[PDB]
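J.: I am attaching a structure below and will ask some questions about it afterwards.
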Amino acid sequence: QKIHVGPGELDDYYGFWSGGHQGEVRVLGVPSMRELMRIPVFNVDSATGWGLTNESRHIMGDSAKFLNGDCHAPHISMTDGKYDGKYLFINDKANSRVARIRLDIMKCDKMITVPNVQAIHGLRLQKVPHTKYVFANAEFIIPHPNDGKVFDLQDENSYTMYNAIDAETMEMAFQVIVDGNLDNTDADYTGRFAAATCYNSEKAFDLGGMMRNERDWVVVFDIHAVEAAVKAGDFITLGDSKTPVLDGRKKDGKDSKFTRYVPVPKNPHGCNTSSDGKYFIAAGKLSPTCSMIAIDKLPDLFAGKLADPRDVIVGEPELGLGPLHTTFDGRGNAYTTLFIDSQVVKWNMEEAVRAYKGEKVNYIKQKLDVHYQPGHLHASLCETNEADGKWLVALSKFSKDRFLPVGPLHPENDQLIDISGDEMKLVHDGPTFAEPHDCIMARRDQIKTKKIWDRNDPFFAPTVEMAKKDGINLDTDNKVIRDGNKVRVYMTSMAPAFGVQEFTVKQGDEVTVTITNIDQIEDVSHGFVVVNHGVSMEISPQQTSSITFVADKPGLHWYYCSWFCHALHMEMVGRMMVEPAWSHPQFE
Amino acid sequence: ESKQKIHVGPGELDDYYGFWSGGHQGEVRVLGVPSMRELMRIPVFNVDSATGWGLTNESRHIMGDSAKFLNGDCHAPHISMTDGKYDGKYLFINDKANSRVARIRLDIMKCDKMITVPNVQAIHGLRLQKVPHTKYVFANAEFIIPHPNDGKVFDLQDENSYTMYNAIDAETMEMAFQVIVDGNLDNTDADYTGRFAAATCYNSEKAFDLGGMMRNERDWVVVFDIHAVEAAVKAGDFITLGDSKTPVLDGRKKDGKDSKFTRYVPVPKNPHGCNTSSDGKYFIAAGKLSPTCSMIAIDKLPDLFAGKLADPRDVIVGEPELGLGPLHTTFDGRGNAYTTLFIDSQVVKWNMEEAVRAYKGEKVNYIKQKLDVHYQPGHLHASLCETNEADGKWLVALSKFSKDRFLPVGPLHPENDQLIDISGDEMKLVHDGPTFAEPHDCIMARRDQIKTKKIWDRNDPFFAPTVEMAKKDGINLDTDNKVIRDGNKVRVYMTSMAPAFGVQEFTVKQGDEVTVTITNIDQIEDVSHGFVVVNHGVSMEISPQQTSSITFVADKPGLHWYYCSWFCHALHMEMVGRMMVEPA
Ligand code: CUA
Ligand code: CUA
Ligand SMILES: [Ca+2]
Ligand SMILES: [Ca+2]
Ligand SMILES: [Cl-]
Ligand SMILES: [Cl-]
Ligand code: NA
Ligand code: NA
């Protein structure tokens, strides 16, 4: 299997890395593991102006005031159990958000703050018949309402919720109150069932309390029952949110119609659907096991045909110390990270099932040492029925001496492994920044991108509407619109020249600069920086971008194109003239 | 023969550090060479969610008032030198967008000082004094502005409209002096004695439009007599501008008479790169609109400033014709120069002494090879090229239009930073490295030239101001877990030790201004902790033996979780605490 990509050769797969604590999404080529692009999401990006421009701040909404995010889990939208290449979704644990990235323009186009919860951690997409819903876990138990009258996690109104977001509209679809808490989650291959692990069935806040119970559980959701209750109006709402809320808790030992609790040891973490649709596999973390939940026994479970929720467990292989995450090669093998043993263990799911029934069989096929302390891992196409068993990435937290020292902070070691054969083969150590934690791979032919924007693209439609109110045709006009203490500069740009090369304002004016890049050739990006005003953005071909700032400094202030666009780029500049406040009417 | 190994396999280590400019994204990046893998990101002018640079009190203190900016625009990373060799102490880099120079300490790989250059706009080129050591950082301000810039005068042709050459004291990171020049400044370099520096000018016309800037057949390389400048400062013969105490010297021509501080050497045309050869013989200016480089003999500059030469052009000793669009030059230490040809889209290898002899009229071919690169190269960098130890092993050419060299990724494209083996007679392209936001230029150092710390010193100046605040509250940071109440201000101090915060709950009043100071008292390498307050925009990292702090207001009543962001321990997921906010 081709391991190295030489000059002029192209990678075979796209890789989509979580930006971890840094808050972006990163696009890699696989197997070279080179970073092809960064997609700003929850971070503020100086280069493209994401978080500064009006288009990006509009998408982020009120949360545009936050400069941070914390990502764990990127996933790609699916139709009939295969990637369709339309959207990537990712979480923000720091400020409780879900973001959607449009894979044709490789930009975040929608973002939502999940109401009435704290810390969006695990995130996973419905597989069948398509990604109708984004499932997202809120990790932490909070009071409802959280008005500062009650702080007790044990109070009857303290809880966290499982969240369903409508993938196309990016509005809340529903929420399900659960017992315990939520960690990771996955979905079946029918659309009926989803499942999530829980490490805090104790509803404790201290380390000892969260580890008391021998077993926590994975909670299973009957999505069809949830929908039928919504359509029937059998739900409540919390605070000012209109989101339908359904109660998935047990009440005095009696289950709700929406959930079932399958006991699993112990503080389990990963929750992974095998690519043949057979199992929800939970990683036991503090228990040296995984637990295999038979998805085809779920209907019986929810219909009372089983006495014990443990009856849906058909395997619980002992694997090693600190199992965290599981992936699949599509050949009947699972691969599980062992955080303490610092290994990836390859095991056969059907053989593990037969061992659970008493049959003495050795389901463990190989243990590969990794470097060191692996968290999550990802096999190519593992989340689809097309899992091709070619590549595996294990994302290890302590890289130690695997890379040159770079001071007190260390990179994550994202290790590429060849699994095309019977023997796992470590081939590349990929160091990464701010603990990406997890990633997703897609074949080259599963991703179709645009090189030139469409002029009607929703990403900047609000700006077109604004321009229209000013009587502006963005494809041609170079005009300075004045409106009291607001100035709205509209210009085209075509390398190497800004369409407006100087304009004059009063000190204190609120200036919006809107630039439409009318170059028609691929890869002619322009930039726009106002010196010493903290203003910076990128404009790609046929895109419109805008940014607003206050001209609070009298005098002449240069602006320049930051992105090399032409042999005469260094000369693509302009001048803002700011008339001193003492030469104009003075206010207080 | 050029035949170095390019593969760094699992378990093997890179041979060089590479320090990449973060370009328009504003950070510094540390790569391993020859793998070309990014080992670390060092936040500088960007706001970093992961470590809290731009949010923490220690980082905002370093940034000063400019902490209000969330952007930077970087081009020119350079490493401090002693006796013309890298000494591993500091990395310096420019911010063109908000007119700054930042210093990075290479032992901790963090920005530790930052300065806004007074009375200028757009710090672009930057370069370090080489000998006897990096006393000064030299920084170009690119754009001509009025003085004062108070909005009475906007005419760039006015007698008080000009830009300035900036010298920053490298060790104190305070301004040392500024030199007013004619025209504008592009790139700059320094000699191997400490007496001379030089910079290219493209806007000798002092025009604001594209046509007017390309008006003159020749611009120039302005040469600076730094000894003369220092002598005038020492004698008090200078002025100051506005509210800056920086000594300002007038380096402009006056009615055709030269300053004592400058000489203007005519060079074609809108020249860009300005590169000192590793043998110390030449300032080499890249011709850009002229298909040439011009070679200024550093040995002739003393006679030039002494008035012993009949024409400023006499210090020009070579002007090789190389190709279309020469922008930048580097050196292998074997006598060759390597120059980017933006238009021809090549790296041309040429022999400097043979060019000098050609300029005198000898029939000799100084061009050795042209290597196609992909595509439109800007700057280039050979290993140790800025030192008298230039080792002629690796060359990076940083090309702007990657076209079809990588998988498509939407309307934006990566820069193509191509690794080239120059160890033998023939340049060999060996690796295409895609990079984000046009790093533009980079600098390499041998592994043994960089020595980093794995554990912070408790006395480190980086968080000394926080140690001081802690003193005023009576806090021993190594041990204490205490909540100090002071009006509507709450100062939480805690140790942390994987997997537990030293303070796991505290209660405040809605509207309080909360400062959380965390001291990581783990003593094992690479056990970093994080601290994130959910839904409050608060995030930071704390490495072993570091103290880090962050301030935010508790504007939301109720229970609000905080958690450790960096995987520190098998029980990392359970390392959490609770902030309880009592309603007003
Ligand atoms: Cu337009 Cu550079
Ligand atoms: Cu401490 Cu994660
Ligand atoms: Ca538990
Ligand atoms: Ca010129
Ligand atoms: Cl998972
Ligand atoms: Cl240069
Ligand atoms: Na939204
Ligand atoms: Na400073």
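Following the order of the structure tokens, first chain is A, next is B, and so on, with residues numbered from 1 inside each chain and ligands from 1 in the order they appear.
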Quick one: DSSP strand (DSSP E or B) residues in region 488-560 of chain B, as number ranges by chain?
T.: B: 489-497, 500-501, 505-509, 513-520, 529-533, 538-542, 547-553, 558-560
J.: Which protein, DNA or RNA residues have an atom within 6 Å of ligand 3, counting only C-alpha atoms and all ligand atoms, as a ChimeraX atom specification?
T.: /A:199-202,210-213,216,267
J.: Neighbours of residue 285 (chain B) within 12 Å (only C-alpha atoms; same-chain residues fewer than 6 positions away dropped), as an NGL selection string?
T.: :B and (186-189 or 198-202 or 219-223 or 265-277 or 291-297 or 316 or 318-320 or 326-330 or 337 or 339-340)
J.: Residues within 12 Å of ligand 5 (only C-alpha atoms and all ligand atoms), as a PyMOL selection string?
T.: chain A and resi 72-75+121-125+136-137+182-187+195-198+218+268-274+280-285+323-327+336-337+375-378+382-383+437-439
J.: Find the residue from A:408, A:541, A:520, A:531 that sits nearest to residue 528 (chain B); use only C-alpha atoms when measuring.
T.: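 Closest candidate: A:408.
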J.: Could you list, as an MDAnalysis selection string, all the residues within 10 Å of ligand 1, counting only C-alpha atoms and all ligand atoms?
T.: chainID A and resid 493:498 517 524:528 538:539 560:573
J.: In Å, how far is it from CA of residue 498 (chain B) to CA of residue 580 (chain B)?
T.: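 According to the coordinates, CA of residue 498 (chain B) and CA of residue 580 (chain B) are separated by 23.0 Å.
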J.: Can I get the residues of chain B within 6 Å of ligand 4, each with the closest pair of atoms and their distance in Å to one decimal, using only C-alpha atoms and all ligand atoms, sorted chain first then ascending number, as a Markdown table?
T.:
```
| residue | atom | partner | partner_atom_place_in_ligand_line | distance |
| --- | --- | --- | --- | --- |
| B:202 | CA | ligand 4 | 1 (Ca) | 4.4 |
| B:203 | CA | ligand 4 | 1 (Ca) | 4.4 |
| B:204 | CA | ligand 4 | 1 (Ca) | 5.4 |
| B:205 | CA | ligand 4 | 1 (Ca) | 5.8 |
| B:213 | CA | ligand 4 | 1 (Ca) | 4.5 |
| B:214 | CA | ligand 4 | 1 (Ca) | 4.2 |
| B:215 | CA | ligand 4 | 1 (Ca) | 5.6 |
| B:216 | CA | ligand 4 | 1 (Ca) | 5.3 |
| B:219 | CA | ligand 4 | 1 (Ca) | 5.3 |
| B:270 | CA | ligand 4 | 1 (Ca) | 4.7 |
```
J.: I need the residues from that last selection saved to file as an mmCIF file, in the first residue's frame (with N, CA and C atoms), if you can.
T.:
```cif
data_model
loop_
_atom_site.group_PDB
_atom_site.id
_atom_site.type_symbol
_atom_site.label_atom_id
_atom_site.label_comp_id
_atom_site.auth_asym_id
_atom_site.auth_seq_id
_atom_site.Cartn_x
_atom_site.Cartn_y
_atom_site.Cartn_z
ATOM 1 N N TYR B 202 11.345 50.164 -2.684
ATOM 2 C CA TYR B 202 10.617 50.135 -3.952
ATOM 3 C C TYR B 202 9.880 51.430 -4.256
ATOM 4 N N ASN B 203 9.606 52.260 -3.257
ATOM 5 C CA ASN B 203 8.792 53.437 -3.533
ATOM 6 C C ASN B 203 9.614 54.709 -3.396
ATOM 7 N N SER B 204 10.781 54.754 -4.052
ATOM 8 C CA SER B 204 11.534 55.999 -4.103
ATOM 9 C C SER B 204 10.717 57.134 -4.702
ATOM 10 N N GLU B 205 9.635 56.825 -5.431
ATOM 11 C CA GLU B 205 8.790 57.866 -6.015
ATOM 12 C C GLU B 205 7.868 58.514 -4.994
ATOM 13 N N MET B 213 4.402 54.069 -8.408
ATOM 14 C CA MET B 213 5.425 53.361 -7.649
ATOM 15 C C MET B 213 6.456 52.695 -8.554
ATOM 16 N N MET B 214 6.083 52.369 -9.794
ATOM 17 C CA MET B 214 6.990 51.769 -10.767
ATOM 18 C C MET B 214 7.573 52.802 -11.729
ATOM 19 N N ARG B 215 7.617 54.072 -11.316
ATOM 20 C CA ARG B 215 7.945 55.162 -12.231
ATOM 21 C C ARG B 215 9.434 55.193 -12.563
ATOM 22 N N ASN B 216 10.291 55.043 -11.551
ATOM 23 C CA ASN B 216 11.720 55.291 -11.710
ATOM 24 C C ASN B 216 12.439 54.058 -12.243
ATOM 25 N N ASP B 219 15.216 52.206 -8.234
ATOM 26 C CA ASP B 219 15.049 52.595 -6.848
ATOM 27 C C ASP B 219 16.438 52.516 -6.173
ATOM 28 N N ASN B 270 12.264 48.450 -8.341
ATOM 29 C CA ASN B 270 11.374 48.029 -7.266
ATOM 30 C C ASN B 270 11.979 46.793 -6.596
#
```
J.: Hey, which residues sit close to ligand 8? Say within 9 Å, counting only C-alpha atoms and all ligand atoms, and write them as a list in words.
T.: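 Checking only C-alpha atoms and all ligand atoms against ligand 8 at 9 Å gives residues 61, 62, 63, 64, 102, 112, 113, 114, 115, 116, 173 and 174 of chain B.
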J.: Go ahead and write the selection's residues with N, CA, C and O atoms as a CSV table (one decimal), in the first residue's frame.
T.:
```
chain,number,residue,atom,x,y,z
B,61,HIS,N,-0.7,40.8,29.3
B,61,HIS,CA,0.3,41.7,29.8
B,61,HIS,C,1.4,41.9,28.8
B,61,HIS,O,2.0,43.0,28.6
B,62,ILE,N,1.9,40.8,28.2
B,62,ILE,CA,3.0,40.8,27.2
B,62,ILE,C,2.5,41.7,26.0
B,62,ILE,O,3.3,42.5,25.5
B,63,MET,N,1.3,41.5,25.6
B,63,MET,CA,0.8,42.2,24.4
B,63,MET,C,0.5,43.7,24.7
B,63,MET,O,0.4,44.5,23.8
B,64,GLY,N,0.4,44.0,26.0
B,64,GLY,CA,0.1,45.4,26.3
B,64,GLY,C,-1.3,45.8,25.7
B,64,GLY,O,-2.2,45.0,25.6
B,102,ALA,N,7.6,41.0,17.7
B,102,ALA,CA,7.5,40.1,18.9
B,102,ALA,C,8.8,39.3,19.0
B,102,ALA,O,9.5,38.9,18.1
B,112,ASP,N,7.6,36.1,24.6
B,112,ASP,CA,7.8,36.7,25.9
B,112,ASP,C,7.8,38.2,25.9
B,112,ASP,O,7.7,38.8,27.0
B,113,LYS,N,7.9,38.8,24.7
B,113,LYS,CA,8.0,40.3,24.7
B,113,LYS,C,7.3,40.7,23.4
B,113,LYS,O,7.4,40.0,22.4
B,114,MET,N,6.7,41.9,23.4
B,114,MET,CA,6.1,42.4,22.2
B,114,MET,C,6.1,43.9,22.2
B,114,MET,O,5.9,44.5,23.3
B,115,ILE,N,6.3,44.6,21.1
B,115,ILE,CA,6.4,46.0,21.0
B,115,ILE,C,5.7,46.5,19.8
B,115,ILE,O,5.8,45.9,18.7
B,116,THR,N,4.8,47.6,20.0
B,116,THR,CA,4.3,48.3,18.9
B,116,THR,C,5.3,49.4,18.5
B,116,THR,O,5.6,50.3,19.4
B,173,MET,N,13.8,44.8,24.4
B,173,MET,CA,12.7,44.9,23.6
B,173,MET,C,12.0,46.3,23.8
B,173,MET,O,10.8,46.5,23.8
B,174,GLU,N,12.9,47.3,23.9
B,174,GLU,CA,12.5,48.7,23.8
B,174,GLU,C,13.2,49.3,22.6
B,174,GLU,O,14.2,48.8,22.1
```
J.: Which residues are near residue 230 (chain A)? Cut-off 9 Å, only C-alpha atoms, ignore same chain within fewer than 4 positions. Put them as a list in words.
T.: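 Result of the neighbour search: residues 174, 225, 226, 234, 235, 244, 245 and 246 of chain A.
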J.: Could you give me, as number ranges by chain, the residues within 8 Å of residue 480 (chain A), counting only C-alpha atoms and dropping anything in the same chain fewer than 2 positions from it?
T.: A: 478, 482, 487-490, 503
J.: Keeping only C-alpha atoms, write the selected residues as an mmCIF file, in the first residue's frame.
T.:
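Dumped to again_20.cif:
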```cif
data_model
loop_
_atom_site.group_PDB
_atom_site.id
_atom_site.type_symbol
_atom_site.label_atom_id
_atom_site.label_comp_id
_atom_site.auth_asym_id
_atom_site.auth_seq_id
_atom_site.Cartn_x
_atom_site.Cartn_y
_atom_site.Cartn_z
ATOM 1 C CA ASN A 478 -17.145 51.194 -6.402
ATOM 2 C CA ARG A 482 -22.721 57.749 3.715
ATOM 3 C CA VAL A 487 -19.893 54.770 6.134
ATOM 4 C CA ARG A 488 -20.447 51.761 3.881
ATOM 5 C CA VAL A 489 -17.652 51.346 1.335
ATOM 6 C CA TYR A 490 -18.491 48.970 -1.514
ATOM 7 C CA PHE A 503 -11.918 57.195 0.931
#
```
J.: Given only C-alpha atoms and all ligand atoms as the basis, pick out the residue of B:235, B:385, B:540, B:145 nearest to ligand 6.
T.: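 Answer, going by the shortest atom-to-atom distance: B:385.
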J.: Which is closest to chain A among B:39, B:322, B:554, B:524, if we use only C-alpha atoms?
T.: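 Closest residue, counting only C-alpha atoms: B:39.
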J.: Within 10 Å of residue 25 (chain A), counting only C-alpha atoms, which residues qualify if same-chain residues fewer than 6 places away don't, as number ranges by chain?
T.: A: 16-19, 37-43, 71, 74, 88-90, 101, 106-108, 436, 439
J.: Considering only C-alpha atoms and all ligand atoms, state which residue in the set A:397, A:139, A:252, A:1 is at the smallest distance from ligand 2.
T.: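 The shortest atom-to-atom distance to ligand 2 comes from A:397.
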